[PDB]
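Structure file target_9.cif with mmCIF, C-alpha atoms:
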data_final
#
loop_
_atom_site.label_atom_id
_atom_site.label_comp_id
_atom_site.auth_asym_id
_atom_site.auth_seq_id
_atom_site.Cartn_x
_atom_site.Cartn_y
_atom_site.Cartn_z
CA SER I 176 9.37 13.75 11.97
CA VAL I 177 13.05 12.68 12.43
CA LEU I 178 12.91 10.05 9.63
CA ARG I 179 12.22 11.07 5.96
CA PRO I 180 13.25 8.08 3.75
CA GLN I 181 12.02 9.95 0.53
CA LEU I 182 15.25 12.05 0.79
CA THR I 183 17.26 8.78 0.23
CA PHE I 184 15.20 7.80 -2.86
CA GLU I 185 17.16 7.36 -6.11
CA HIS I 186 14.45 9.36 -7.95
CA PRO I 187 12.28 12.12 -6.29
CA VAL I 188 8.52 11.36 -6.20
CA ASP I 189 6.28 13.31 -8.64
CA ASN I 190 3.37 14.64 -6.51
CA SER I 191 2.11 16.79 -9.46
CA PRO I 192 -1.64 16.64 -10.39
CA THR I 193 -0.87 14.59 -13.51
CA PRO I 194 -1.73 10.92 -14.29
CA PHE I 195 0.68 8.23 -12.94
CA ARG I 196 3.07 6.97 -15.64
CA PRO I 197 4.63 3.58 -14.79
CA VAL I 198 8.37 2.87 -15.16
CA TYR I 199 8.67 -0.93 -14.97
CA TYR I 200 11.01 -3.86 -15.72
CA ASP I 201 10.35 -7.18 -17.46
CA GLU I 202 11.59 -10.73 -16.48
CA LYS I 203 14.81 -10.06 -18.48
CA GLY I 204 15.46 -6.95 -16.35
CA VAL I 205 14.93 -4.56 -19.30
CA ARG I 206 13.56 -1.09 -18.28
CA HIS I 207 10.35 0.15 -19.97
CA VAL I 208 8.45 3.45 -19.81
CA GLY I 209 4.66 2.95 -19.72
CA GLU I 210 1.58 5.07 -20.46
CA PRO I 211 -0.97 6.90 -18.22
CA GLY I 212 -4.21 4.95 -17.63
CA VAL I 213 -2.64 1.77 -19.10
CA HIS I 214 -1.62 -1.27 -16.95
CA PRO I 215 1.51 -2.50 -18.91
CA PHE I 216 0.83 -6.22 -18.25
CA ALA I 217 -2.99 -6.21 -18.94
CA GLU I 218 -2.60 -8.33 -22.18
CA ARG I 219 -0.20 -10.72 -20.33
CA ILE I 220 -2.50 -11.21 -17.28
CA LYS I 221 -5.59 -11.71 -19.59
CA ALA I 222 -3.63 -14.28 -21.71
CA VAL I 223 -2.35 -16.30 -18.68
CA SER I 224 -4.26 -19.24 -17.20
CA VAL I 225 -4.16 -20.59 -13.62
CA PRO I 226 -1.68 -23.52 -13.27
CA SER I 227 -3.89 -26.65 -13.70
CA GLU I 228 -2.26 -28.49 -10.75
CA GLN I 229 -3.34 -25.53 -8.54
CA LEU I 230 -7.01 -26.43 -9.20
CA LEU I 231 -6.58 -30.03 -7.92
CA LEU I 232 -7.75 -31.32 -4.53
CA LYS I 233 -4.49 -31.57 -2.50
CA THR I 234 -3.49 -32.31 1.10
CA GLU I 235 -2.36 -29.28 3.18
CA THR I 236 1.31 -28.77 4.00
CA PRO I 237 1.49 -27.45 7.58
CA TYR I 238 3.12 -24.16 8.51
CA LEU I 239 6.39 -24.56 10.42
CA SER I 240 7.24 -23.78 14.06
CA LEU I 241 8.04 -20.07 14.67
CA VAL I 242 10.81 -21.23 17.09
CA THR I 243 12.89 -23.26 14.52
CA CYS I 244 11.67 -21.68 11.20
CA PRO I 245 14.41 -19.86 9.18
CA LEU I 246 13.93 -16.05 9.10
CA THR I 247 16.03 -13.86 6.79
CA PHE I 248 16.07 -10.04 6.82
CA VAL I 249 17.13 -8.99 3.27
CA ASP I 250 18.52 -5.44 2.96
CA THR I 251 21.27 -5.61 0.22
CA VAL I 252 20.94 -6.19 -3.61
CA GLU I 253 22.96 -9.48 -3.50
CA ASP I 254 20.66 -10.74 -0.70
CA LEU I 255 17.59 -9.61 -2.77
CA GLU I 256 19.02 -11.44 -5.83
CA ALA I 257 19.67 -14.66 -3.75
CA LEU I 258 16.06 -14.48 -2.42
CA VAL I 259 14.60 -14.08 -6.01
CA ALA I 260 16.58 -17.31 -6.97
CA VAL I 261 15.04 -19.16 -3.96
CA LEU I 262 11.49 -18.01 -4.99
CA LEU I 263 11.86 -19.19 -8.65
CA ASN I 264 11.84 -22.85 -7.35
CA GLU I 265 8.42 -22.51 -5.56
CA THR I 266 4.90 -23.11 -7.04
CA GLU I 267 3.29 -20.72 -4.43
CA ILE I 268 4.56 -17.91 -2.14
CA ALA I 269 2.82 -15.78 0.53
CA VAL I 270 3.30 -12.04 0.31
CA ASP I 271 2.49 -9.03 2.49
CA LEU I 272 3.49 -5.36 2.50
CA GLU I 273 3.88 -2.78 5.27
CA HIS I 274 3.30 0.89 4.31
CA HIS I 275 3.75 4.50 5.53
CA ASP I 276 1.31 7.26 4.68
CA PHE I 277 1.56 10.13 7.22
CA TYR I 278 4.91 11.84 6.28
CA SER I 279 4.44 11.30 2.52
CA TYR I 280 1.91 12.59 -0.01
CA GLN I 281 1.32 9.38 -2.02
CA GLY I 282 2.81 7.14 0.67
CA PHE I 283 5.49 4.50 0.12
CA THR I 284 6.02 0.74 0.74
CA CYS I 285 8.23 0.17 3.81
CA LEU I 286 8.59 -3.60 4.07
CA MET I 287 7.80 -6.76 2.07
CA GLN I 288 7.24 -10.11 3.78
CA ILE I 289 7.51 -13.40 1.88
CA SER I 290 6.97 -16.88 3.19
CA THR I 291 7.76 -20.11 1.27
CA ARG I 292 6.81 -23.66 2.48
CA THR I 293 10.16 -23.89 4.30
CA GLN I 294 11.16 -20.26 5.36
CA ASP I 295 10.43 -16.54 5.90
CA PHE I 296 11.88 -13.31 4.53
CA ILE I 297 11.52 -9.66 5.43
CA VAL I 298 12.68 -7.33 2.65
CA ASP I 299 13.77 -3.77 3.38
CA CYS I 300 11.90 -1.94 0.53
CA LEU I 301 13.40 1.31 1.68
CA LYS I 302 17.04 0.18 1.49
CA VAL I 303 16.63 -1.92 -1.70
CA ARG I 304 13.79 0.26 -3.22
CA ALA I 305 15.81 1.06 -6.42
CA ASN I 306 16.51 -2.71 -6.95
CA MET I 307 12.98 -4.13 -6.25
CA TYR I 308 12.49 -4.50 -10.05
CA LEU I 309 14.72 -7.61 -9.69
CA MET I 310 11.62 -9.33 -8.23
CA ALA I 311 9.76 -9.10 -11.62
CA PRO I 312 10.86 -12.64 -12.70
CA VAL I 313 8.98 -13.99 -9.60
CA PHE I 314 5.88 -11.70 -9.71
CA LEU I 315 5.47 -12.22 -13.53
CA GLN I 316 6.01 -16.02 -13.32
CA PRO I 317 2.74 -17.80 -14.40
CA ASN I 318 3.77 -21.07 -12.60
CA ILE I 319 4.18 -19.28 -9.26
CA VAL I 320 0.93 -18.46 -7.41
CA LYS I 321 1.46 -15.24 -5.32
CA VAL I 322 -0.87 -15.45 -2.37
CA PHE I 323 -1.88 -12.20 -0.64
CA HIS I 324 -4.55 -11.55 1.98
CA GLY I 325 -6.62 -8.47 1.07
CA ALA I 326 -4.49 -7.42 -1.94
CA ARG I 327 -6.45 -4.22 -2.99
CA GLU I 328 -3.86 -1.78 -1.49
CA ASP I 329 -0.81 -4.07 -2.15
CA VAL I 330 -1.45 -4.34 -5.91
CA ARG I 331 -1.35 -0.50 -6.19
CA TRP I 332 1.63 -0.09 -3.78
CA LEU I 333 3.73 -2.57 -5.84
CA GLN I 334 3.08 -0.44 -8.98
CA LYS I 335 3.53 3.01 -7.32
CA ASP I 336 6.81 2.11 -5.58
CA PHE I 337 8.43 -0.56 -7.73
CA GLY I 338 6.72 -1.06 -11.07
CA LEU I 339 5.91 -4.62 -9.88
CA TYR I 340 2.94 -6.55 -11.32
CA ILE I 341 1.35 -9.86 -10.25
CA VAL I 342 0.68 -12.70 -12.72
CA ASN I 343 -1.47 -15.43 -11.02
CA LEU I 344 -2.40 -13.63 -7.81
CA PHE I 345 -4.67 -15.49 -5.39
CA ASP I 346 -6.37 -13.34 -2.73
CA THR I 347 -7.33 -15.32 0.40
CA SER I 348 -9.66 -12.47 1.53
CA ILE I 349 -11.64 -12.79 -1.78
CA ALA I 350 -11.82 -16.59 -1.09
CA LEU I 351 -13.40 -15.96 2.36
CA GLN I 352 -15.85 -13.36 0.94
CA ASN I 353 -16.93 -15.93 -1.73
CA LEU I 354 -17.47 -18.59 0.99
CA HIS I 355 -19.68 -15.91 2.70
CA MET I 356 -17.54 -15.66 5.85
CA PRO I 357 -15.38 -13.14 7.89
CA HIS I 358 -12.42 -12.20 5.71
CA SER I 359 -9.75 -10.43 7.86
CA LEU I 360 -6.20 -11.96 8.17
CA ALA I 361 -6.46 -12.22 12.01
CA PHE I 362 -9.71 -14.22 11.45
CA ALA I 363 -8.23 -16.61 8.76
CA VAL I 364 -5.07 -17.35 10.88
CA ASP I 365 -7.25 -17.97 13.98
CA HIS I 366 -9.96 -20.08 12.22
CA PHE I 367 -7.43 -22.44 10.49
CA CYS I 368 -4.18 -22.27 12.59
CA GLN I 369 -5.72 -21.52 16.06
CA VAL I 370 -3.08 -18.69 16.43
CA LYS I 371 -4.06 -15.14 17.55
CA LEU I 372 -2.18 -12.45 15.57
CA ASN I 373 -0.66 -9.41 17.42
CA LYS I 374 -2.74 -6.55 15.76
CA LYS I 375 -0.74 -4.12 18.09
CA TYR I 376 1.56 -3.00 15.18
CA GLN I 377 -1.20 -2.57 12.54
CA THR I 378 -0.72 1.25 12.86
CA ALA I 379 3.08 1.25 13.61
CA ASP I 380 5.71 3.47 11.89
CA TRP I 381 7.38 1.03 9.42
CA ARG I 382 10.11 3.57 8.49
CA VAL I 383 12.07 2.77 11.70
CA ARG I 384 15.48 1.15 11.19
CA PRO I 385 16.54 -0.97 13.03
CA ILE I 386 13.26 -2.87 13.14
CA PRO I 387 12.63 -3.94 16.81
CA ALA I 388 12.22 -7.72 17.54
CA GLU I 389 8.39 -7.48 18.21
CA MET I 390 7.89 -5.67 14.85
CA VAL I 391 10.05 -8.33 13.04
CA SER I 392 7.78 -11.01 14.69
CA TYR I 393 4.57 -9.12 13.62
CA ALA I 394 5.88 -8.74 10.02
CA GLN I 395 6.85 -12.49 9.82
CA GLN I 396 3.49 -13.72 11.25
CA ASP I 397 1.57 -11.83 8.53
CA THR I 398 2.78 -14.36 5.83
CA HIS I 399 4.00 -17.40 7.88
CA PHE I 400 0.54 -19.05 8.12
CA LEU I 401 -0.84 -17.76 4.75
CA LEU I 402 0.14 -20.80 2.52
CA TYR I 403 -1.59 -23.20 4.96
CA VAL I 404 -4.69 -20.92 4.99
CA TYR I 405 -4.43 -21.05 1.13
CA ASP I 406 -4.44 -24.93 1.15
CA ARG I 407 -7.43 -24.99 3.55
CA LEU I 408 -9.39 -22.41 1.50
CA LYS I 409 -8.72 -24.37 -1.78
CA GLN I 410 -10.29 -27.54 -0.25
CA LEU I 411 -13.31 -25.50 1.03
CA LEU I 412 -13.79 -23.83 -2.37
CA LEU I 413 -13.47 -27.15 -4.29
CA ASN I 414 -16.36 -28.93 -2.52
CA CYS I 415 -18.87 -26.15 -1.51
CA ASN I 423 -16.09 -24.12 -9.98
CA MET I 424 -15.90 -21.74 -6.93
CA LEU I 425 -12.04 -22.16 -6.62
CA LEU I 426 -11.68 -21.10 -10.29
CA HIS I 427 -14.06 -18.12 -9.58
CA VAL I 428 -11.74 -16.85 -6.77
CA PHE I 429 -8.77 -17.16 -9.13
CA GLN I 430 -10.78 -15.15 -11.72
CA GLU I 431 -11.73 -12.44 -9.15
CA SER I 432 -8.05 -12.31 -7.97
CA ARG I 433 -6.82 -11.83 -11.58
CA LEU I 434 -9.34 -8.92 -12.01
CA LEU I 435 -7.81 -7.35 -8.83
CA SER I 436 -4.21 -7.74 -10.21
CA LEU I 437 -5.55 -5.82 -13.30
CA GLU I 438 -6.20 -2.72 -11.12
CA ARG I 439 -3.95 0.29 -11.69
CA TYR I 440 -2.36 2.61 -9.21
CA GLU I 441 -3.70 6.18 -9.56
CA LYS I 442 -2.09 9.12 -7.73
CA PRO I 443 -4.37 10.82 -5.08
CA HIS I 444 -6.64 13.27 -6.91
CA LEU I 445 -7.48 16.74 -5.61
CA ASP I 446 -10.87 17.81 -7.02
CA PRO I 447 -10.71 21.59 -6.15
CA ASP I 448 -14.54 21.79 -5.84
CA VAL I 449 -15.36 18.31 -4.35
CA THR I 450 -12.62 16.82 -2.00
CA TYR I 451 -13.00 19.56 0.73
CA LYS I 452 -16.76 18.72 0.95
CA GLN I 453 -15.98 14.96 1.29
CA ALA I 454 -13.39 15.65 4.06
CA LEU I 455 -15.29 18.38 5.99
CA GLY I 456 -18.86 17.00 5.43
CA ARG I 457 -21.67 18.33 7.69
CA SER I 458 -19.09 20.74 9.35
CA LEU I 459 -19.76 23.11 6.34
CA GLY I 460 -23.33 23.59 7.69
CA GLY I 461 -23.95 26.99 9.24
CA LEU I 462 -21.11 28.66 7.23
CA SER I 463 -21.62 31.87 5.16
CA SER I 464 -20.65 32.09 1.43
CA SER I 465 -17.21 33.58 2.41
CA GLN I 466 -16.54 30.94 5.11
CA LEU I 467 -17.25 28.20 2.45
CA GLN I 468 -14.82 30.00 0.06
CA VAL I 469 -12.11 30.05 2.82
CA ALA I 470 -12.89 26.36 3.68
CA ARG I 471 -12.38 25.26 0.01
CA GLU I 472 -9.40 27.56 -0.69
CA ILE I 473 -7.37 26.69 2.45
CA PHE I 474 -8.11 22.90 2.02
CA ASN I 475 -6.85 23.24 -1.62
CA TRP I 476 -3.79 25.21 -0.36
CA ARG I 477 -3.17 22.38 2.20
CA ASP I 478 -3.17 19.77 -0.56
CA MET I 479 -0.81 21.84 -2.82
CA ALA I 480 1.60 22.40 0.18
CA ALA I 481 1.43 18.63 1.01
CA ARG I 482 2.33 17.75 -2.64
CA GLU I 483 5.22 20.38 -2.53
CA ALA I 484 6.61 19.20 0.87
CA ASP I 485 5.91 15.48 0.09
CA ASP I 486 3.80 15.07 3.29
CA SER I 487 0.19 13.94 3.69
CA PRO I 488 -2.36 16.82 3.97
CA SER I 489 -2.87 15.85 7.71
CA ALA I 490 0.90 16.31 8.37
CA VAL I 491 0.68 19.81 6.81
CA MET I 492 -2.43 20.86 8.86
CA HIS I 493 -5.18 19.02 10.85
CA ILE I 494 -8.65 19.15 9.19
CA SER I 495 -10.07 20.96 12.31
CA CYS I 496 -7.52 23.72 11.57
CA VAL I 497 -8.98 24.13 7.99
CA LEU I 498 -12.48 24.50 9.55
CA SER I 499 -11.13 26.85 12.27
CA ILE I 500 -9.64 29.35 9.73
CA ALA I 501 -12.89 29.15 7.61
CA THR I 502 -15.05 29.95 10.69
CA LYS I 503 -12.88 32.59 12.48
CA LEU I 504 -11.58 34.33 9.28
CA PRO I 505 -8.18 35.43 10.82
CA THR I 506 -6.85 38.82 9.58
CA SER I 507 -3.27 38.77 11.03
CA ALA I 508 -0.40 36.20 10.89
CA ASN I 509 -0.63 35.73 14.72
CA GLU I 510 -4.45 35.17 14.46
CA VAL I 511 -3.79 32.44 11.78
CA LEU I 512 -1.19 30.86 14.14
CA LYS I 513 -3.55 31.16 17.21
CA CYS I 514 -6.52 29.65 15.21
CA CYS I 515 -5.01 26.13 15.60
CA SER I 516 -2.88 25.60 18.78
CA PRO I 517 -0.14 23.00 17.72
CA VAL I 518 1.38 25.09 14.88
CA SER I 519 3.01 22.91 12.20
CA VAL I 520 6.23 23.81 10.28
CA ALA I 521 4.45 24.11 6.85
CA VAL I 522 1.77 26.46 8.31
CA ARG I 523 4.25 28.71 10.24
CA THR I 524 6.41 29.21 7.05
CA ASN I 525 3.45 29.89 4.66
CA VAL I 526 1.47 31.91 7.29
CA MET I 527 1.34 34.95 4.89
CA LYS I 528 -0.15 32.89 2.00
CA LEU I 529 -2.88 31.43 4.30
CA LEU I 530 -3.44 35.04 5.48
CA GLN I 531 -3.67 36.20 1.85
CA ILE I 532 -6.47 33.52 1.22
CA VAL I 533 -8.53 34.91 4.13
CA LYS I 534 -7.84 38.58 3.17
CA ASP I 535 -8.77 37.84 -0.45
CA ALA I 536 -12.04 36.07 0.49
CA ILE I 537 -13.31 38.83 2.81
CA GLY I 538 -12.09 41.28 0.14
CA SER I 539 -13.84 39.26 -2.67
CA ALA I 540 -17.33 39.81 -1.15
CA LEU I 541 -17.35 42.62 1.52
#

Can I see the file as structure tokens?
Amino acid sequence: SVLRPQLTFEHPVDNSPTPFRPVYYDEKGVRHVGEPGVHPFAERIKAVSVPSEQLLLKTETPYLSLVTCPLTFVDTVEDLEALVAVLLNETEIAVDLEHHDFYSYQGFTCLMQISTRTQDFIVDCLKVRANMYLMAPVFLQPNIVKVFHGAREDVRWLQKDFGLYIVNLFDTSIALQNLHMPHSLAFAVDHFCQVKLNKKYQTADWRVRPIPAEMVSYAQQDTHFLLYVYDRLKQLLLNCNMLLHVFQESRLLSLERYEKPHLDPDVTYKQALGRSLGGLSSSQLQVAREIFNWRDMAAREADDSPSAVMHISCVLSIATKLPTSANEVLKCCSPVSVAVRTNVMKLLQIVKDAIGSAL
């Protein structure tokens, strides 16, 4: 990879096999250091009720035209601050996040999309990453409903990257599940707005700056229709209290905590290699486990995902073939990565030690 935004981070990411410890800010902008296995706003979220006017049967406010709708790309602190001030006047906002996971161990949030009743925003989470805590007054606000579609990943990403926590989250995917119907975003936007979403950039590289026009359009359309979908879902839940239930299930989701990826040195390799372990000798299983565990350690050290360090087929290839020279380790898996070529002797020592260990 050309891009490596982690190098620009104000604080280096801790990929160590130790529990995640949150560093978060309150609505006053006061920094706090949290505790492992403790969500720092659990007592707040459990003590906060859904705004009563948000449980009333109301008429929908249509989404605007994409042609004349204001779109703002926010990538400075002042711009982020001005946006936060705009959001503190709303009773509901639509939020989405774009993420990167290949050239990062834990992964990091790349972009944040926000739509209000009258406009759209795209926030550069990479550029203003160190200042995202300024959004806490909005995300902690009990009178502001934060609408997300399929918030399981988002809730954790907000915590991992920014120390951001949602008070009065409403998940539109949970709403669709409770109505017993298809619950993807593309489905919701098509069923209520009669618009077909792009889907082309679902797997794009969100680290690219500048963001091309088509990607800006994709990012904007992910939240632009969401408050209308929210209005439509409220009406459906109020007649056939089910609306209240969805708010209660959404609150339970906002109570989830981010947990760093865990390497179980005796389990994870089995889960990733599965039935491919069949037909391997005791020594080949030892090399399979040991190299997979090396791969994870190297990924944590280089701040890359295990797949960026070495393809899984390459782990199986070394386990099967048992290479006994540096060149044989290199030749085992044709597209030789940078991490593998530099630690070729350590991978070779794993093989040599496993065939040495038994016979």

Could you tell me which of I:244, I:480, I:540, I:337 comes closest to residue 186 of chain I if we count only C-alpha atoms?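 Using only C-alpha atoms, residue 186 of chain I sits closest to I:337.
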
Compile the contact shell of residue 462 of chain I as a PyMOL selection string: residues with an atom at most 9 Å away, counting all atoms listed in the file, same-chain residues fewer than 5 positions apart removed. chain I and resi 467+501-502

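Proximity ranking of I:364, I:225, I:231, I:208 relative to residue 413 of chain I places I:231 first, based on only C-alpha atoms.
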
At a cut-off of 8 Å, using all atoms listed in the file, what residues contact residue 329 of chain I? Leave out same-chain residues fewer than 3 positions from it and give the result as an MDAnalysis selection string. chainID I and resid 271:272 325:326 332:333

Selection to disk with C-alpha atoms, as a short mmCIF file (atom, residue, chain, number, x, y, z; two decimals), in the frame of the given file:
data_model
loop_
_atom_site.label_atom_id
_atom_site.label_comp_id
_atom_site.auth_asym_id
_atom_site.auth_seq_id
_atom_site.Cartn_x
_atom_site.Cartn_y
_atom_site.Cartn_z
CA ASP I 271 2.49 -9.03 2.49
CA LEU I 272 3.49 -5.36 2.50
CA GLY I 325 -6.62 -8.47 1.07
CA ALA I 326 -4.49 -7.42 -1.94
CA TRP I 332 1.63 -0.09 -3.78
CA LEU I 333 3.73 -2.57 -5.84
#

Residue neighbourhood residue 185 of chain I, 9 Å, only C-alpha atoms, exclusion window fewer than 2 positions, as number ranges by chain: I: 181-183, 187, 304-305

Atom CA of residue 474 of chain I to atom CA of residue 514 of chain I, straight-line distance in Å: 14.9 Å

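Against this structure, the PyMOL selection byres ((chain I and resi 508) around 12) ends up with residues 500, 504, 505, 506, 507, 509, 510, 511, 512, 513, 514, 518, 522, 523, 524, 525, 526, 527, 528, 529, 530, 531, 532, 533 and 534 of chain I.
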
Residues at most 7 Å from residue 283 of chain I, counting all atoms listed in the file, excluding those fewer than 3 positions away in the same chain, as a list in words?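 Here the answer would be residues 274, 275, 276 and 336 of chain I.
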
Can you list what the PyMOL selection byres ((chain I and resi 338) around 7) grabs from this structure, as a ChimeraX atom specification? /I:197-200,308,333-337,339-340

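Atom pair atom CA of residue 538 of chain I / atom CA of residue 460 of chain I: separated by 22.3 Å.
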
Could you list, as a ChimeraX atom specification, every residue within 12 Å of residue 454 of chain I, counting only C-alpha atoms and ignoring same-chain residues fewer than 2 positions away? /I:445-446,448-452,456-459,470-471,474-475,478,488-489,493-495,497-498

I:342, I:401, I:319, I:232: which is nearest residue 288 of chain I, counting all atoms listed in the file? I:401

Nearest residue to residue 434 of chain I out of I:411, I:400, I:380, I:345, using all atoms listed in the file?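 Selected residue with least distance to residue 434 of chain I: I:345.
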
Could you check how far atom CA of residue 210 of chain I sits from atom CA of residue 195 of chain I, in Å to one decimal?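 Between atom CA of residue 210 of chain I and atom CA of residue 195 of chain I the gap works out to 8.2 Å.
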
Step by step, work through what the PyMOL selection byres ((chain I and resi 313) around 7) selects in the shown file, and finish by giving those residues as a PyMOL selection string. chain I and resi 259+262-263+310-312+314-316
